[PDB]
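Have a look at the structure below, then the notes.
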Amino acid sequence: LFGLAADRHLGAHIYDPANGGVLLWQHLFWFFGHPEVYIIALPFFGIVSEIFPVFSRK
Amino acid sequence: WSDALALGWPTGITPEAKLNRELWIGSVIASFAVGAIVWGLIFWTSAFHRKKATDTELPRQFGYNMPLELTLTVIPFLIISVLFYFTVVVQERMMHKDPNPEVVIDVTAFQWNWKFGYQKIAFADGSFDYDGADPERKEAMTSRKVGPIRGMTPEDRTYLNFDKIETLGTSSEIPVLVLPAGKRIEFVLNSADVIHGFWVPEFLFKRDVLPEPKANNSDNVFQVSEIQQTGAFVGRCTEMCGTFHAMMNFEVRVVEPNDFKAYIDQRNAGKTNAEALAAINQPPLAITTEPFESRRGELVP
Amino acid sequence: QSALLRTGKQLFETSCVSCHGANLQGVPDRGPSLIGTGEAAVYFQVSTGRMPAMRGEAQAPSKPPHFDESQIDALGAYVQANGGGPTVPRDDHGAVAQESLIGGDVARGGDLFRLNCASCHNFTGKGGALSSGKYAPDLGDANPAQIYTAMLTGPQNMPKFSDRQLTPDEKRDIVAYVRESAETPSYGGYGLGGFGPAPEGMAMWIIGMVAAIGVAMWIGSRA
Amino acid sequence: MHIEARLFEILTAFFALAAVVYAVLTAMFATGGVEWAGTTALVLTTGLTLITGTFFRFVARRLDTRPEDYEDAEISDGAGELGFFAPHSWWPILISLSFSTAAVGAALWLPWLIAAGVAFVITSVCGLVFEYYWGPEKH
Amino acid sequence: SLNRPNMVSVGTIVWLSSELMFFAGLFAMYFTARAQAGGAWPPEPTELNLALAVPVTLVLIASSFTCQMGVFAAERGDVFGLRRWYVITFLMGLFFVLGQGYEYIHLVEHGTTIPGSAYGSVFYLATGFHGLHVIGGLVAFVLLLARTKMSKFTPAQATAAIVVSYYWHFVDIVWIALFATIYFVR
Ligand SMILES: CCCCCCCCCCCCCCCC(=O)OC[C@H]1O[C@H](O[C@@H]2[C@H](O)[C@@H](O)[C@H](O)[C@@H](O[C@H]3O[C@H](CO)[C@@H](O)[C@H](O)[C@@H]3O)[C@@H]2OP(=O)(O)OC[C@@H](COC(=O)CCCCCCCC[C@H](C)CCCCCCCC)OC(=O)CCCCCCCCCCCCCCC)[C@@H](O)[C@@H](O)[C@@H]1O
Ligand SMILES: CC(C)=CCC/C(C)=C/CC/C(C)=C/CC/C(C)=C/CC/C(C)=C/CC/C(C)=C\CC/C(C)=C/CC/C(C)=C/CC/C(C)=C/CC1=C(C)C(=O)c2ccccc2C1=O
Ligand code: HEC
Ligand code: HEC
Ligand SMILES: CCCCCCCCCCCCCC(=O)O[C@H](COC(=O)CCCCCCCCCCC)COP(=O)(O)O
Ligand SMILES: [Cu+2]
Ligand SMILES: [Cu+2]
Ligand SMILES: [Cu+2]
């Protein structure tokens, strides 16, 4: 995000297509994106994992 | 029945599409199997294992089973292994790129429309040769003391390709690409501004049109082995590109091999697209899509 | 040069055709016709980055340019050959005139600016708000050619000043005033933006009064 | 505290393996070069876990078993003195407001707003850090 | 006896480990832009001098020693030794910052700027973010030295000194990586 703000406000060449920056962004973003979708999965696994034993008497 | 287990894929018009459809159907079946198994297991315990009226003495407190957690961790590995094998087998086929194609197309995507250019034609029967490359016009895109990126400014546009025959789309006319049937086809993709999406649903395929494919280490050229159906098929953009992302469709019209030469000759004479299709007893405008209304919407006088 | 008139046409049909048409006649409710606008309009719109536009809002903003000088000239010449109109002034070498546009009389330029241009812009060429989502920009970024071609065309909501209303001698004085009022240092300290009472009041409240209250709290006691 | 230390180096081994595999498999039969973008990330992902693992290992070797790390431990073992916790403070909201001001300044590119935001941030952080250390007023 | 882990230290360790992934982006940008160089990676206007970056690096490498000496003084109960060593550390850090600024001015004069080239962008971004971390460290020194004279020298103040030292040993270890990867591996 800082890199992108630098491009927009200071006129730098970070994500220029000629510079191989179209796919730099995708790598950097998808390194975040998928762990992000696993951040909002595991705690809600734990909630149901806590709830199941109580109502099953087991 | 392939009309219910394909979940609504179109039938292929190319060998690769037909091969891909088989893998899709097989995968759908193999997923519904495990879905049914697990749903049955969930339903079984929710209908029989319940609290009885005459029920005391809390049930058996078992929570470990060693020779069952090692068994149920092996079957999914074997399931995924075969799927991986078939995936590899199919994916290697869809990207072959035979050295000698029979027609090369230069596809360029700009801001909310298309342009198609016939690079070269070389039939296998030695009955038609044409070379449409235009380097003189290509030379007029060059920019330069030193330049920012590799000794040039971002305003280079050298990577684009220009040809003698080019169909151009407008805001009031859908661009139509004309191809022969039963022939090997190239597609070489390049973009002027941003990323676009090349999708023809009947091909069961799509590829991103990038502003610098070479500099970004990404293949921007695919082949079709042959097409065995004459007619008109739709294509549309499948990558977010701005306000008019949803309004830059196109059409592909496949005709008989002999009609292709007549169309090419008509275009060589100086006729437009609409004046060439009419010359080979074909509708001039698109029949799968029509131009969008230029107005903003229905709240405007 | 015909070698320049065809390189500017292939640039147009790849970047401009969606909003302006293939025959420069304009796409209804998407963009206007470009017949009779001239190369001055093209120069101003493309050099400052306003074109090509990206969406339909209250006002199309400026941004980094999409093409370079050669391509700008090509596009301008292609447009000029399709209905005429104004032209960008050149110098003895054919390049766009920058230094030769600066007028001698800055005092006359000053009050011409104050009568004609200070209503939308500021006293010295800052911004100004317009009706609904529109505004007059800051003039501290434009070069002489851009300042000259802005009033020759009347870009978006700025009125149009012909060469008969403002002769190409008063325009030079105006551009001289605009270029001088942007590159002269403040006398008497930091400029504080150049708007007047509002930044002054905020500076007072946030510096002077804070310091005074801090000093009072240091000298005095609590409870 | 061995379980804590082990949990990190378990990840470290996998991360190192993944980075090494990715780097080599890309050098040959992969278009372009070594794919510097993905290679860089994994070789620092390993470092993230390595630092914490090493620190935890050293701390575990330094101190002996705690009531928390003991199987058959009694509640009476942990009785005593925990430490200091802040009961209340209104400084966090001021810090957040200062940072918000700086961010809004940076978004619209208003240097004066950025400067004001930075000054506010410094003042708020000073207020937070010098909270339980100010002495009585001298008169 | 001591039989517990210092949680003010484990908190700062985990945060410092997380902060290492921020520089991952910058390193990725540098290595990506370097790949598409073609010919000479530092372009024609760019000329890196080792006549100024070496002494500055040596100073930034001599600060850690003084910092560790201050920490050693902190663990004994000495409040004055800590102050003396931390002041010296602050001065050396300030020297680093001023040297870096001078080099920036020199480079800008010869035509190496952020909008000028693709090299300039990555160079200035990486080195500027490192400079920002250094300034943060200096601010931390000032705040801690101001706090050390508000109250009696308790173990908590020693803990604060130790964690600040941890942070400093993270600004100079990331500059030996950058210096190695910029001035030697060109
Ligand atoms: C306790 C005692 C009392 C204290 C009193 C304090 C006063 C201290 C004064 C110290 C200065 C001494 C030297 C004299 C001044 C001087 O020699 O003058 C330099 C030149 O400078 C500006 O030229 C910029 C370039 O140099 C030019 O190239 C460029 O052309 C020009 O552009 C203008 O003109 C173009 C043409 O049209 C337009 O295109 C364009 O738009 C624009 O208008 C540039 O101007 P500009 O944008 O203003 O930015 C300048 C740079 C840098 O400036 C400089 O060099 C030096 C600046 C010195 C100022 C020092 C002030 C001290 C304040 C603190 C730092 C802030 C913290 C306080 C917060 C609270 C406290 C904590 C609790 O950025 C900054 O950081 C600005 C400083 C930020 C702080 C100032 C006030 C902030 C108040 C906050 C209010 C918001 C509250 C919100 C609450 C919700 C113009 O003015 C010129 O005339 C002028 O010539
Ligand atoms: C009646 C009327 C006109 C009111 C309009 C109210 C209104 C809609 C305000 C919108 C303001 C903003 C910030 C718009 C952007 C959208 C947005 C982010 C909205 C707020 C979102 C929100 C609630 C978030 C959390 C709050 C938060 C973190 C902070 C908000 C940011 C803040 C505090 C900024 C606003 C402060 C403000 C409006 C001050 C302006 C006052 C003055 C006098 C400034 C003018 C000024 C100028 C113009 C200078 O050039 C200058 C140059 C050098 C020195 C000084 C100045 C100077 O002071
Ligand atoms: C291809 C790069 C171009 C060029 C050379 C120009 N445009 Fe645009 N444009 C659009 C709209 C809605 C307007 C009118 C409102 C406003 O000015 O913002 C314009 C305006 C112009 C002008 C001004 C002509 C005048 O009448 O004086 C000029 C010279 C111009 N343009 C050149 C919309 C679009 C658009 C659709 C979004 C696209 C694409 C372009 N413009 C691209 C170009
Ligand atoms: C109100 C309407 C006016 C008046 C009377 C003048 N201008 Fe200005 N101007 C106005 C607007 C709304 C805009 C923006 C149009 C656009 O972005 O398409 C402008 C633009 C300019 C510019 C170009 C912007 C730049 O690059 O900074 C210049 C140089 C300019 N205007 C100058 C100018 C002068 C010299 C005027 C009087 C002689 C003048 N304007 C009048 C709004 C308005
Ligand atoms: C947006 C985040 C980017 C931060 C990167 C830090 C930059 C280090 C400064 C190096 C100076 C080099 C300048 C140069 O050669 O080009 C100069 C332009 O660079 C600048 O203006 C730099 C200002 C950056 C703002 C400082 C940090 C922003 C604060 C935000 C806090 C939230 C001159 O270039 P030019 O003359 O136009 O060719
Ligand atoms: Cu995913
Ligand atoms: Cu598109
Ligand atoms: Cu799209």
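The chains in the structure tokens are called A, B, ... from first to last as shown; in each chain the residues are counted from 1, and the ligands are counted from 1 in the order shown.
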Find the residues in chain C near chain B: any atom within 7 Å counts, using only C-alpha atoms. Write them as a list in words.
-> residues 7, 14, 15, 17, 18, 22, 28, 29, 30, 55, 67 and 68 of chain C
Just need the residues of chain B within 12 Å of chain E, counting only C-alpha atoms, so spit them out as a VMD selection string.
-> chain B and resid 145 to 154 212 214 to 217
Write a file of the just-selected residues containing N, CA, C and O atoms, as an mmCIF file, in the first residue's frame.
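Contents of again-v9.cif, freshly written:
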```cif
data_model
loop_
_atom_site.group_PDB
_atom_site.id
_atom_site.type_symbol
_atom_site.label_atom_id
_atom_site.label_comp_id
_atom_site.auth_asym_id
_atom_site.auth_seq_id
_atom_site.Cartn_x
_atom_site.Cartn_y
_atom_site.Cartn_z
ATOM 1 N N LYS B 145 21.733 11.794 -22.218
ATOM 2 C CA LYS B 145 20.448 11.615 -21.489
ATOM 3 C C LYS B 145 20.030 10.146 -21.547
ATOM 4 O O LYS B 145 20.400 9.424 -22.472
ATOM 5 N N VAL B 146 19.248 9.727 -20.547
ATOM 6 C CA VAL B 146 18.775 8.356 -20.439
ATOM 7 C C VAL B 146 17.267 8.362 -20.210
ATOM 8 O O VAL B 146 16.694 9.365 -19.783
ATOM 9 N N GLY B 147 16.649 7.205 -20.466
ATOM 10 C CA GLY B 147 15.243 6.988 -20.183
ATOM 11 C C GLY B 147 15.040 6.319 -18.825
ATOM 12 O O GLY B 147 15.948 5.665 -18.310
ATOM 13 N N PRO B 148 13.854 6.494 -18.195
ATOM 14 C CA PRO B 148 13.573 5.902 -16.885
ATOM 15 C C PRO B 148 13.782 4.390 -16.805
ATOM 16 O O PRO B 148 14.587 3.920 -16.003
ATOM 17 N N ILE B 149 13.069 3.646 -17.659
ATOM 18 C CA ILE B 149 13.072 2.193 -17.605
ATOM 19 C C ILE B 149 13.764 1.666 -18.856
ATOM 20 O O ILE B 149 13.212 1.748 -19.951
ATOM 21 N N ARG B 150 14.980 1.134 -18.671
ATOM 22 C CA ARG B 150 15.776 0.525 -19.731
ATOM 23 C C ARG B 150 15.988 1.521 -20.876
ATOM 24 O O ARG B 150 15.892 1.174 -22.055
ATOM 25 N N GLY B 151 16.258 2.779 -20.506
ATOM 26 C CA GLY B 151 16.621 3.813 -21.461
ATOM 27 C C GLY B 151 15.447 4.291 -22.316
ATOM 28 O O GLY B 151 15.662 4.790 -23.419
ATOM 29 N N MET B 152 14.219 4.163 -21.802
ATOM 30 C CA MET B 152 13.053 4.662 -22.517
ATOM 31 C C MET B 152 11.978 5.089 -21.522
ATOM 32 O O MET B 152 11.927 4.594 -20.396
ATOM 33 N N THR B 153 11.114 6.000 -21.977
ATOM 34 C CA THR B 153 9.985 6.476 -21.196
ATOM 35 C C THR B 153 8.839 5.470 -21.283
ATOM 36 O O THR B 153 8.797 4.665 -22.212
ATOM 37 N N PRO B 154 7.877 5.476 -20.328
ATOM 38 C CA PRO B 154 6.706 4.598 -20.403
ATOM 39 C C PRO B 154 5.832 4.751 -21.649
ATOM 40 O O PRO B 154 4.937 3.938 -21.863
ATOM 41 N N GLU B 212 2.426 -5.491 -20.928
ATOM 42 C CA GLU B 212 3.799 -5.836 -21.260
ATOM 43 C C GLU B 212 4.008 -7.323 -21.024
ATOM 44 O O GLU B 212 4.643 -7.688 -20.042
ATOM 45 N N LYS B 214 5.988 -9.578 -22.326
ATOM 46 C CA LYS B 214 7.370 -10.027 -22.370
ATOM 47 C C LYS B 214 8.112 -9.630 -21.095
ATOM 48 O O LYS B 214 8.880 -10.427 -20.561
ATOM 49 N N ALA B 215 7.888 -8.395 -20.630
ATOM 50 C CA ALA B 215 8.579 -7.862 -19.464
ATOM 51 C C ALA B 215 8.064 -8.488 -18.165
ATOM 52 O O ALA B 215 8.768 -8.465 -17.157
ATOM 53 N N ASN B 216 6.842 -9.038 -18.194
ATOM 54 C CA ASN B 216 6.216 -9.596 -17.002
ATOM 55 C C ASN B 216 6.336 -11.119 -16.956
ATOM 56 O O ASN B 216 5.694 -11.753 -16.120
ATOM 57 N N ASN B 217 7.153 -11.676 -17.857
ATOM 58 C CA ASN B 217 7.384 -13.145 -17.936
ATOM 59 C C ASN B 217 6.039 -13.880 -17.967
ATOM 60 O O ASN B 217 5.768 -14.653 -17.027
#
```
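Near chain D, within 12 Å and counting only C-alpha atoms, the residues of chain C are residues 190, 191, 192, 193, 199, 202, 203, 206, 207, 217, 218, 219, 220, 221, 222 and 223 of chain C.
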Residue hits in chain D, query chain E, radius 9 Å, only C-alpha atoms, as JSON, numbers by chain | {"D": [33, 35, 36, 37, 38, 39, 40, 41, 44, 45, 47, 48, 49, 50, 51, 52, 55, 56, 59, 60, 62, 63, 64, 65, 66, 122, 126, 129, 130, 133, 134, 135]}
Any chance you could export the current selection's N, CA and C atoms as a JSON list (two decimals), in the first residue's frame?
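What follows is the written file again12.json:
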```json
[["chain", "number", "residue", "atom", "x", "y", "z"],
["D", 33, "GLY", "N", 13.17, -15.94, -14.83],
["D", 33, "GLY", "CA", 14.29, -16.24, -13.95],
["D", 33, "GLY", "C", 13.88, -17.08, -12.75],
["D", 35, "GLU", "N", 11.94, -15.89, -10.13],
["D", 35, "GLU", "CA", 10.70, -15.40, -9.53],
["D", 35, "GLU", "C", 11.02, -14.77, -8.18],
["D", 36, "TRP", "N", 11.70, -13.62, -8.25],
["D", 36, "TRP", "CA", 12.27, -12.95, -7.10],
["D", 36, "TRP", "C", 11.20, -12.52, -6.09],
["D", 37, "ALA", "N", 9.96, -12.33, -6.55],
["D", 37, "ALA", "CA", 8.91, -11.78, -5.70],
["D", 37, "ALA", "C", 8.47, -12.79, -4.65],
["D", 38, "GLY", "N", 8.22, -14.03, -5.09],
["D", 38, "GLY", "CA", 7.77, -15.08, -4.19],
["D", 38, "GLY", "C", 8.91, -15.68, -3.38],
["D", 39, "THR", "N", 10.13, -15.69, -3.94],
["D", 39, "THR", "CA", 11.31, -16.22, -3.27],
["D", 39, "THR", "C", 11.68, -15.35, -2.08],
["D", 40, "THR", "N", 11.57, -14.02, -2.25],
["D", 40, "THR", "CA", 11.95, -13.07, -1.22],
["D", 40, "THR", "C", 11.05, -13.23, 0.01],
["D", 41, "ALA", "N", 9.75, -13.44, -0.23],
["D", 41, "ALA", "CA", 8.77, -13.49, 0.85],
["D", 41, "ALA", "C", 9.00, -14.69, 1.76],
["D", 44, "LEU", "N", 12.03, -14.71, 4.20],
["D", 44, "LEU", "CA", 11.85, -13.87, 5.38],
["D", 44, "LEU", "C", 10.73, -14.40, 6.28],
["D", 45, "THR", "N", 9.79, -15.15, 5.71],
["D", 45, "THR", "CA", 8.80, -15.87, 6.50],
["D", 45, "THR", "C", 9.48, -16.88, 7.42],
["D", 47, "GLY", "N", 12.56, -16.51, 8.55],
["D", 47, "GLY", "CA", 13.27, -15.70, 9.52],
["D", 47, "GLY", "C", 12.36, -15.23, 10.65],
["D", 48, "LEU", "N", 11.10, -14.91, 10.30],
["D", 48, "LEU", "CA", 10.12, -14.47, 11.29],
["D", 48, "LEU", "C", 9.99, -15.53, 12.38],
["D", 49, "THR", "N", 9.84, -16.80, 11.97],
["D", 49, "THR", "CA", 9.67, -17.88, 12.93],
["D", 49, "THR", "C", 11.00, -18.22, 13.61],
["D", 50, "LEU", "N", 12.11, -18.08, 12.89],
["D", 50, "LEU", "CA", 13.42, -18.43, 13.42],
["D", 50, "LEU", "C", 13.79, -17.54, 14.61],
["D", 51, "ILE", "N", 13.54, -16.23, 14.49],
["D", 51, "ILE", "CA", 13.88, -15.27, 15.54],
["D", 51, "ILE", "C", 13.14, -15.65, 16.82],
["D", 52, "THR", "N", 11.82, -15.84, 16.71],
["D", 52, "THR", "CA", 10.99, -16.12, 17.86],
["D", 52, "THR", "C", 11.36, -17.47, 18.48],
["D", 55, "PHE", "N", 14.67, -17.15, 20.41],
["D", 55, "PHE", "CA", 14.47, -16.40, 21.63],
["D", 55, "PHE", "C", 13.77, -17.26, 22.68],
["D", 56, "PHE", "N", 12.73, -17.99, 22.26],
["D", 56, "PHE", "CA", 11.98, -18.85, 23.16],
["D", 56, "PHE", "C", 12.86, -19.98, 23.69],
["D", 59, "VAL", "N", 15.18, -18.52, 26.36],
["D", 59, "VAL", "CA", 14.43, -18.21, 27.57],
["D", 59, "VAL", "C", 14.09, -19.51, 28.31],
["D", 60, "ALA", "N", 13.71, -20.55, 27.57],
["D", 60, "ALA", "CA", 13.37, -21.84, 28.15],
["D", 60, "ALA", "C", 14.58, -22.48, 28.83],
["D", 62, "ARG", "N", 17.04, -20.81, 30.10],
["D", 62, "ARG", "CA", 17.43, -19.97, 31.22],
["D", 62, "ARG", "C", 16.65, -20.32, 32.48],
["D", 63, "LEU", "N", 15.31, -20.35, 32.37],
["D", 63, "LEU", "CA", 14.46, -20.54, 33.54],
["D", 63, "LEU", "C", 13.96, -21.99, 33.62],
["D", 64, "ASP", "N", 13.73, -22.45, 34.85],
["D", 64, "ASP", "CA", 13.26, -23.80, 35.11],
["D", 64, "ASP", "C", 11.74, -23.87, 35.03],
["D", 65, "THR", "N", 11.19, -25.03, 35.42],
["D", 65, "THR", "CA", 9.77, -25.31, 35.28],
["D", 65, "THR", "C", 8.92, -24.33, 36.09],
["D", 66, "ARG", "N", 7.80, -23.93, 35.49],
["D", 66, "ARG", "CA", 6.81, -23.07, 36.12],
["D", 66, "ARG", "C", 5.59, -23.91, 36.51],
["D", 122, "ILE", "N", 3.30, 12.50, 18.26],
["D", 122, "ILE", "CA", 4.41, 12.54, 19.20],
["D", 122, "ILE", "C", 3.91, 12.94, 20.58],
["D", 126, "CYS", "N", 3.93, 10.59, 23.93],
["D", 126, "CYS", "CA", 4.59, 11.11, 25.11],
["D", 126, "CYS", "C", 3.66, 11.02, 26.32],
["D", 129, "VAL", "N", 3.30, 7.30, 27.45],
["D", 129, "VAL", "CA", 4.49, 6.72, 28.05],
["D", 129, "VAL", "C", 4.76, 7.38, 29.41],
["D", 130, "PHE", "N", 4.50, 8.69, 29.50],
["D", 130, "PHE", "CA", 4.69, 9.42, 30.74],
["D", 130, "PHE", "C", 3.32, 9.52, 31.41],
["D", 133, "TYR", "N", 4.48, 7.84, 35.71],
["D", 133, "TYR", "CA", 5.83, 8.24, 36.10],
["D", 133, "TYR", "C", 5.93, 9.70, 36.54],
["D", 134, "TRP", "N", 4.95, 10.54, 36.16],
["D", 134, "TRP", "CA", 4.91, 11.91, 36.64],
["D", 134, "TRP", "C", 4.85, 11.93, 38.16],
["D", 135, "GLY", "N", 5.70, 12.77, 38.76],
["D", 135, "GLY", "CA", 5.70, 12.99, 40.20],
["D", 135, "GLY", "C", 4.64, 14.01, 40.62]]
```
Report as JSON, numbers by chain which protein, DNA and RNA residues come within 9 Å of ligand 6, using only C-alpha atoms and all ligand atoms.
-> {"A": [30, 33, 34, 35, 37, 38]}
Output the neighbourhood of ligand 7 as a PyMOL selection string, that is, all protein and nucleic acid residues with some atom at most 6 Å from the ligand, counting only C-alpha atoms and all ligand atoms.
-> chain B and resi 112+196+237+241+245
Go ahead and write the selection's residues with N, CA and C atoms as an mmCIF file, in the first residue's frame.
```cif
data_model
loop_
_atom_site.group_PDB
_atom_site.id
_atom_site.type_symbol
_atom_site.label_atom_id
_atom_site.label_comp_id
_atom_site.auth_asym_id
_atom_site.auth_seq_id
_atom_site.Cartn_x
_atom_site.Cartn_y
_atom_site.Cartn_z
ATOM 1 N N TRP B 112 -11.883 -0.369 -23.605
ATOM 2 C CA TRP B 112 -13.287 -0.717 -23.787
ATOM 3 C C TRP B 112 -13.659 -0.985 -25.240
ATOM 4 N N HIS B 196 -7.112 -6.862 -19.818
ATOM 5 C CA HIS B 196 -8.436 -7.247 -20.275
ATOM 6 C C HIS B 196 -8.575 -8.767 -20.243
ATOM 7 N N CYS B 237 -15.438 -9.535 -22.288
ATOM 8 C CA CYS B 237 -14.301 -9.185 -21.450
ATOM 9 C C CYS B 237 -14.512 -9.725 -20.038
ATOM 10 N N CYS B 241 -11.774 -3.546 -15.903
ATOM 11 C CA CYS B 241 -10.990 -2.600 -16.692
ATOM 12 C C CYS B 241 -11.567 -1.185 -16.696
ATOM 13 N N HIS B 245 -16.577 -2.030 -18.605
ATOM 14 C CA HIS B 245 -16.062 -3.391 -18.583
ATOM 15 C C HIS B 245 -17.080 -4.371 -19.172
#
```
Env. residues ligand 2 / 10 Å / only C-alpha atoms and all ligand atoms / as a VMD selection string = (chain C and resid 126 to 127 190 to 206) or (chain D and resid 94 96 to 105 107 to 108 110 to 113 115 to 117)
Residues of the last selection are to be written out with N, CA and C atoms, as a compact mmCIF listing (two decimals), in the first residue's frame.
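The file below, part_6.txt, is the result:
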```txt
# COMPACT_ATOMS: atom_id res chain seq x y z
N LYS C 126 -4.43 30.59 -6.56
CA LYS C 126 -4.79 29.37 -5.85
C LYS C 126 -6.12 28.85 -6.40
N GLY C 127 -6.72 27.88 -5.70
CA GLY C 127 -7.96 27.29 -6.17
C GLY C 127 -9.18 28.16 -5.87
N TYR C 190 6.38 32.50 6.65
CA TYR C 190 5.72 31.41 5.96
C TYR C 190 4.37 31.87 5.41
N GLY C 191 4.08 31.47 4.17
CA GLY C 191 2.94 31.95 3.40
C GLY C 191 1.59 31.54 3.98
N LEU C 192 1.56 30.42 4.73
CA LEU C 192 0.34 29.90 5.34
C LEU C 192 -0.73 29.63 4.28
N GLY C 193 -0.33 29.16 3.10
CA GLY C 193 -1.27 28.69 2.09
C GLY C 193 -1.70 29.77 1.09
N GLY C 194 -1.84 31.01 1.56
CA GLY C 194 -2.18 32.14 0.70
C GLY C 194 -3.68 32.34 0.52
N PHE C 195 -4.47 31.96 1.54
CA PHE C 195 -5.92 32.14 1.53
C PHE C 195 -6.36 33.29 2.42
N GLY C 196 -5.66 33.49 3.54
CA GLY C 196 -5.88 34.67 4.37
C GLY C 196 -6.47 34.33 5.73
N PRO C 197 -7.66 34.87 6.07
CA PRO C 197 -8.18 34.79 7.44
C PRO C 197 -8.32 33.40 8.06
N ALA C 198 -8.63 32.39 7.25
CA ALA C 198 -8.91 31.06 7.76
C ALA C 198 -7.64 30.37 8.25
N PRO C 199 -6.57 30.23 7.42
CA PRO C 199 -5.31 29.68 7.91
C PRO C 199 -4.70 30.51 9.03
N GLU C 200 -4.90 31.83 9.00
CA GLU C 200 -4.38 32.71 10.04
C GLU C 200 -5.05 32.40 11.38
N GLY C 201 -6.38 32.26 11.36
CA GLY C 201 -7.14 31.93 12.56
C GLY C 201 -6.75 30.57 13.13
N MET C 202 -6.59 29.58 12.25
CA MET C 202 -6.23 28.24 12.69
C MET C 202 -4.82 28.24 13.27
N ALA C 203 -3.89 28.96 12.63
CA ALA C 203 -2.52 29.05 13.13
C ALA C 203 -2.51 29.71 14.51
N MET C 204 -3.30 30.78 14.68
CA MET C 204 -3.43 31.44 15.97
C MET C 204 -3.86 30.42 17.03
N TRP C 205 -5.02 29.77 16.81
CA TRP C 205 -5.61 28.87 17.79
C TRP C 205 -4.69 27.70 18.11
N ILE C 206 -3.96 27.19 17.11
CA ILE C 206 -3.22 25.95 17.29
C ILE C 206 -1.79 26.20 17.76
N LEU D 94 -6.86 9.36 21.88
CA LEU D 94 -6.13 10.52 21.38
C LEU D 94 -5.06 10.09 20.38
N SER D 96 -5.14 7.41 18.49
CA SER D 96 -5.84 6.98 17.29
C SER D 96 -6.30 8.18 16.47
N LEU D 97 -6.80 9.22 17.15
CA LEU D 97 -7.26 10.42 16.46
C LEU D 97 -6.10 11.13 15.77
N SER D 98 -4.93 11.17 16.44
CA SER D 98 -3.74 11.79 15.87
C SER D 98 -3.31 11.07 14.59
N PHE D 99 -3.29 9.73 14.66
CA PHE D 99 -2.90 8.94 13.51
C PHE D 99 -3.90 9.09 12.36
N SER D 100 -5.20 9.18 12.70
CA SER D 100 -6.24 9.39 11.71
C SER D 100 -6.06 10.73 11.00
N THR D 101 -5.69 11.77 11.76
CA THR D 101 -5.44 13.09 11.20
C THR D 101 -4.28 13.02 10.21
N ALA D 102 -3.19 12.37 10.63
CA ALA D 102 -2.01 12.23 9.78
C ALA D 102 -2.36 11.47 8.49
N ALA D 103 -3.19 10.43 8.61
CA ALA D 103 -3.56 9.60 7.48
C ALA D 103 -4.41 10.39 6.48
N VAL D 104 -5.37 11.17 6.99
CA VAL D 104 -6.22 11.99 6.14
C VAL D 104 -5.37 13.04 5.43
N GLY D 105 -4.38 13.59 6.14
CA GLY D 105 -3.43 14.52 5.54
C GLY D 105 -2.65 13.88 4.39
N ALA D 107 -3.54 11.28 2.61
CA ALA D 107 -4.41 10.81 1.54
C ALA D 107 -4.68 11.90 0.51
N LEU D 108 -4.96 13.12 0.99
CA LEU D 108 -5.30 14.23 0.12
C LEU D 108 -4.07 15.07 -0.22
N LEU D 110 -1.91 16.98 1.81
CA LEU D 110 -1.88 18.28 2.47
C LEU D 110 -0.74 18.27 3.48
N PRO D 111 0.46 18.77 3.11
CA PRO D 111 1.63 18.69 3.98
C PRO D 111 1.47 19.31 5.37
N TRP D 112 0.69 20.39 5.46
CA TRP D 112 0.43 21.03 6.74
C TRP D 112 -0.34 20.08 7.67
N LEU D 113 -1.32 19.36 7.11
CA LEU D 113 -2.08 18.39 7.88
C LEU D 113 -1.18 17.23 8.33
N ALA D 115 2.09 17.43 8.93
CA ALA D 115 2.95 17.95 9.98
C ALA D 115 2.20 18.03 11.31
N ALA D 116 0.96 18.53 11.26
CA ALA D 116 0.13 18.63 12.45
C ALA D 116 -0.14 17.25 13.04
N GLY D 117 -0.40 16.27 12.16
CA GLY D 117 -0.65 14.90 12.58
C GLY D 117 0.56 14.28 13.27
```
Do you know which residues are within 8 Å of ligand 4 using only C-alpha atoms and all ligand atoms? Can you write them as an MDAnalysis selection string?
-> chainID C and resid 44:45 48 50 59:62 112:113 116:121 130 134:142 146:151 154:159 161 171 174:175 178
